[PDB]
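Structure first, then comments.
Protein chains: 2
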Amino acid sequence: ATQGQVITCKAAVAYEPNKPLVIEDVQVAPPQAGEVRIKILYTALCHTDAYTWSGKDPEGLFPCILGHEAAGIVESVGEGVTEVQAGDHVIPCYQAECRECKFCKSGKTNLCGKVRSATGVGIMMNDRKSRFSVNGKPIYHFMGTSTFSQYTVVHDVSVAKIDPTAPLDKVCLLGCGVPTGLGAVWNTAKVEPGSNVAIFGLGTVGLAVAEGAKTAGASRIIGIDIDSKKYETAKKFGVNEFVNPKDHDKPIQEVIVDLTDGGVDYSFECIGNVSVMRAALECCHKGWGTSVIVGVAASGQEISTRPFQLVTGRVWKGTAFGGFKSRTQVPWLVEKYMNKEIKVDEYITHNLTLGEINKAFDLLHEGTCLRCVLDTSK
Amino acid sequence: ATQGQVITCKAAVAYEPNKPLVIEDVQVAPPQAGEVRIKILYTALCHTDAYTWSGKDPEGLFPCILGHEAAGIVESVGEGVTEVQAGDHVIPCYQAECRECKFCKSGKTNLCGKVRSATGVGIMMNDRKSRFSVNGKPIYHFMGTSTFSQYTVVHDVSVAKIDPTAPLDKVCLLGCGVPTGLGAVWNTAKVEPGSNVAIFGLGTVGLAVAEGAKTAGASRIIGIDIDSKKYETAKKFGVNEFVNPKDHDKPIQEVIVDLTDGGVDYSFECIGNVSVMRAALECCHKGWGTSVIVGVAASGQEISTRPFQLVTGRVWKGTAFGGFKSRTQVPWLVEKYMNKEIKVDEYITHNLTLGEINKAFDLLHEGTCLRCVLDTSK
Ligand SMILES: [Zn+2]
Ligand SMILES: [Zn+2]
Ligand SMILES: [Zn+2]
Ligand SMILES: [Zn+2]
Numbered sequence: 002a003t004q005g006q007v008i009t010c011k012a013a014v015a016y017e018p019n020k021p022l023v024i025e026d027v028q029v030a031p032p033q034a035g036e037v038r039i040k041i042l043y044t045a046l047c048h049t050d051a052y053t054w055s056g057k058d059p060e061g062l063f064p065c066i067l068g069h070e071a072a073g074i075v076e077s078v079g080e081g082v083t084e085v086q087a088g089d090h091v092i093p094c095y096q097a098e099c100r101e102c103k104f105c106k107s108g109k110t111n112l113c114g115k116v117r118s119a120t121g122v123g124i125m126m127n128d129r130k131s132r133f134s135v136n137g138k139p140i141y142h143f144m145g146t147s148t149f150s151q152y153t154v155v156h157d158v159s160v161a162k163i164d165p166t167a168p169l170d171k172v173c174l175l176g177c178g179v180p181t182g183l184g185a186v187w188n189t190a191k192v193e194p195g196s197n198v199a200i201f202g203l204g205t206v207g208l209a210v211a212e213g214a215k216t217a218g219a220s221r222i223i224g225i226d227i228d229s230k231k232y233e234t235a236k237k238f239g240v241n242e243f244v245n246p247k248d249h250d251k252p253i254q255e256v257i258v259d260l261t262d263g264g265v266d267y268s269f270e271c272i273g274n275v276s277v278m279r280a281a282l283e284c285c286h287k288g289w290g291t292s293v294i295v296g297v298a299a300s301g302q303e304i305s306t307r308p309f310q311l312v313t314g315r316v317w318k319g320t321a322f323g324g325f326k327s328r329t330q331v332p333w334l335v336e337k338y339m340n341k342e343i344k345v346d347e348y349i350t351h352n353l354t355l356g357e358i359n360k361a362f363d364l365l366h367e368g369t370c371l372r373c374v375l376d377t378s379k
Numbered sequence: 002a003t004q005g006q007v008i009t010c011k012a013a014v015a016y017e018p019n020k021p022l023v024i025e026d027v028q029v030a031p032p033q034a035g036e037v038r039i040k041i042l043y044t045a046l047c048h049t050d051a052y053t054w055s056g057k058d059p060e061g062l063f064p065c066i067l068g069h070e071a072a073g074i075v076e077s078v079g080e081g082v083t084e085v086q087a088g089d090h091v092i093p094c095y096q097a098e099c100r101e102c103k104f105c106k107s108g109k110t111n112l113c114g115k116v117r118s119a120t121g122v123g124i125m126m127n128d129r130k131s132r133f134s135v136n137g138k139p140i141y142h143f144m145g146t147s148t149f150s151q152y153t154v155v156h157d158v159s160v161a162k163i164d165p166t167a168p169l170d171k172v173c174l175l176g177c178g179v180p181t182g183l184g185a186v187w188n189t190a191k192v193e194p195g196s197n198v199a200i201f202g203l204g205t206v207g208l209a210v211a212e213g214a215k216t217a218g219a220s221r222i223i224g225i226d227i228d229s230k231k232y233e234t235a236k237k238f239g240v241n242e243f244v245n246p247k248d249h250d251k252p253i254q255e256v257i258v259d260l261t262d263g264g265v266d267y268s269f270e271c272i273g274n275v276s277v278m279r280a281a282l283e284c285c286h287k288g289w290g291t292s293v294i295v296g297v298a299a300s301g302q303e304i305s306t307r308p309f310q311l312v313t314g315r316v317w318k319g320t321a322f323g324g325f326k327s328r329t330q331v332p333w334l335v336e337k338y339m340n341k342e343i344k345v346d347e348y349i350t351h352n353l354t355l356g357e358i359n360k361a362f363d364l365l366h367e368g369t370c371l372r373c374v375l376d377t378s379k
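The structure is reproduced here in structure tokens:
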């Protein structure tokens, strides 16, 4: 019986950047109007969590509870919440879908600005305060989700209600990395059957691009990485050719153009390296090739090219959460998963507990790690 | 009766960069296989001609006969030429349309690769030589057209056959600037009715962007130029709001975003300045705004931005000849002109003679000059 009451539970707190996370007993306040309190059962670590932890984000607010890929069960809801109720199985999402703002109503984008003025600064809309504290001191939320915790509080416009038979230690991946890569292909690029595709970076997101391209009927799916072992792992996701830039004196974009007689029809940058973003554009075919930025670059870094690349017909764009509408389409992706129409399981290479989260951070520097999933019960 | 003979005629020869054009008596060889010799009656000056006369082209292909906006009458054709014959009224195009190469057959671009390996280095495909000389000394072609002459030789895949009743001192403008601007809107951007658009640079190309946008049903048509005298002319072409960047302490992109509550639906850069190209991208609306590079930057200049601009929904692209297929659609543009559906006359602010071409070059520095048309008869 926890409705209307503070909950005390375990969470990993980041007190300062580039230092080990601390497991604490934190207090989680009840949900206010338009809010959902969620019992988080499984959560995965994403490089975006490490971006802010590693001090690379000048907007980083500390102390905070990181985490944004997760799945769990609603414990209670606040005033006026009707789309979910206690007991529902849910995926909290960094990308909200309010269906009422200028962006939601435009029909032109999947962005939503309803709760950005709070979630971007680690607080809640209804009272401009945080629902987390430890030893009497408030803690910042992160990305509107804060899932490295046994319980979190999120805005209702960011909660997807999913099939209650779907295994929660698998579908936690569908809150970020996998939909970002799939939708880069299906929504942003709109890749046609028979297309030639290049994928720069063969981590989780690049492998989901490969799956999206394979599902859509692409012909050549060329992976580019400096770690050739990543190619062996990538084969089951659809990568069917590989180039290591270190094997060639010519710049990688020229090697790709030579290999495809002119360049690829689509390219995808999945690392967040601006120098690789330039190479990805320049390897696109003259007259029509399109390059999609998928990885998130570090603050202040700029992409560059000579404008004749665009004047002679290449197109530069990018994707946020693969162009998907979270509350409407994340449940559809869970349906497809349950039908064996999209891969999820194969991305999960490690399973740890929340108490071992610092070991999970260490696995981010392991090439064989794609996604580590953490059980929050221990 | 000049068919098969060498013609001696007047032409403006550029012997060295940044030195005055020289009015010469030149020899024009007869056309070979797949070539067409054209009596040029009127030709207009374009910034691109002066861009090359000034060393911003790194190729240094001098002496040369510049010029690529012209209209005239076929004098003779070479072996194999069937689409035009002597007497036909024609516009030569710097953008070929062979209908047979990988680019033409793709259906995805208006670029054509058939003759560029020759026209790009100032010669003809058939024998890799020039058709121009002055007293034994060969002269490079320019852009496949070389229209600062009373006669020129071009490739048959570069000749548009037009309505014989159209006035040649007017439709010479349909060889470059006006279709570039119109097609940036209709073909590359595909601007929808109700759109808000921003146009950077209010010379000929940008005014044609305004006409294109007005015809397509755009709502707000915002002109941006550092010369506030250009606003009064631009109003005649559909611009209905104006910003001078020199009046603002803030970067112009942020001014535009504030003025349109988020940014424009489409922007067009019509100057060739890479810093303005960046501003045109960053003034596009988050989630969906699209920026088209229309102007040609100097060799080596790079465009730059922060990749989050693309990740959050903006699209960067560019256009060549407005996305028009030259042999097929330049005659259609002439028909639109004859039915008073597109403007052409209004862009012509000066009329001079080919003999006065150095005087006309100085007008390219005048804000009040849009297009100068030259009569080649003297
Ligand atoms: Zn919304
Ligand atoms: Zn993520
Ligand atoms: Zn062609
Ligand atoms: Zn031109």
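Read top to bottom, the protein sequences are chains G and Y.
Residue numbers for the first sequence follow the UniProt record's numbering, beginning at 2 and rising by one.
Residue numbers for the second sequence follow the UniProt record's numbering, beginning at 2 and rising by one.
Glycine included, C-beta positions come from ideal geometry on N, C-alpha and C.
Residue i to residue j span [Cα, whole Å]
i	j	result
residue 354 of chain G	residue 252 of chain G	43 Å
residue 325 of chain G	residue 168 of chain G	22 Å
residue 288 of chain Y	residue 374 of chain Y	43 Å
residue 180 of chain Y	residue 197 of chain G	32 Å
residue 25 of chain G	residue 292 of chain Y	49 Å
residue 50 of chain G	residue 356 of chain G	16 Å
residue 225 of chain Y	residue 124 of chain Y	39 Å
residue 72 of chain Y	residue 185 of chain Y	22 Å
residue 104 of chain Y	residue 305 of chain Y	28 Å
residue 157 of chain Y	residue 118 of chain Y	15 Å
residue 65 of chain Y	residue 34 of chain Y	23 Å
As assigned by DSSP and simplified to three states, the class of residue i
i	result
residue 352 of chain G	strand
residue 150 of chain G	strand
residue 333 of chain Y	helix
residue 124 of chain Y	coil
residue 319 of chain Y	strand
residue 20 of chain Y	coil
residue 195 of chain Y	coil
residue 117 of chain Y	helix
residue 294 of chain G	strand
residue 327 of chain Y	helix
residue 310 of chain Y	helix
residue 189 of chain G	helix
residue 134 of chain Y	strand
residue 233 of chain Y	helix
residue 9 of chain G	strand
residue 268 of chain Y	strand
residue 183 of chain G	helix
residue 157 of chain Y	helix
First through last residue of the beta strand (DSSP E) which encompasses residue i
i	result
residue 376 of chain G	372-376
residue 47 of chain G	It is not in any beta strand (DSSP E) - residue 47 of chain G carries neither H nor E in the DSSP assignment.
residue 162 of chain Y	160-162
residue 172 of chain G	Element bounds for residue 172 of chain G: not the beta strand (DSSP E) but the alpha helix (DSSP H), 169-172.
residue 244 of chain G	242-244
residue 224 of chain Y	222-225
Residue span of the alpha helix (DSSP H) that contains residue i, given as start and end
i	result
residue 280 of chain Y	275-283
residue 101 of chain Y	Neither: residue 101 of chain Y is in no alpha helix (DSSP H) and is coded neither H nor E.
residue 205 of chain G	205-217
residue 361 of chain G	358-364
residue 255 of chain G	253-260
residue 31 of chain Y	Note, residue 31 of chain Y: premise wrong, no alpha helix (DSSP H); not H, not E.
residue 141 of chain Y	Note, residue 141 of chain Y: premise wrong, no alpha helix (DSSP H); not H, not E.
For this session: Name, going along the chain, the residues of the region 269-283 of chain Y whose beta-carbon falls closer than 8 Å to a beta-carbon of chain G.
Result: Cβ proximity to chain G below 8 Å picks out 275 and 278 from the region 269-283 of chain Y.
For this session: Return the residues of the region 173-193 of chain G that lie within a Cβ-Cβ distance of less than 9 Å from chain Y, sorted by chain order.
Result: Cβ contacts with chain Y: none found.
Problem set entry | Interfacial residues, the region 309-321 of chain G to chain Y, with Cβ spacing under 9 Å | Answer in chain order: 309, 310, 311, 312, 313, 314, 315, 316, 317, 318, 319, 320 and 321.
Exercise. Which residues, in chain order, does the region 100-111 of chain Y contribute to contact with chain G at a C-beta distance below 9 Å?
Worked result: Result list: 103, 104, 107, 109, 110 and 111.
Problem set entry | Any beta strand (DSSP E) of 3 or more consecutive residues that is wholly inside the region 44-93 of chain G | Scanning the region 44-93 of chain G for uninterrupted beta strand (DSSP E) segments of 3 residues or longer gives 70-78 and 90-93, listed from N- to C-terminal end.
For this session: Can you give me, in chain order, the residues of the region 36-69 of chain G that have a beta carbon less than 7 Å from any beta carbon in chain Y?
Result: Those residues of the region 36-69 of chain G that come within reach of chain Y (Cβ to Cβ, closer than 7 Å) do not exist; the list is empty.
Exercise. What are the residues of the region 337-353 of chain G that lie near chain Y, defined by any Cβ-Cβ distance shorter than 9 Å?
Worked result: Residues of the region 337-353 of chain G with a C-beta atom less than 9 Å from some C-beta of chain Y do not occur.
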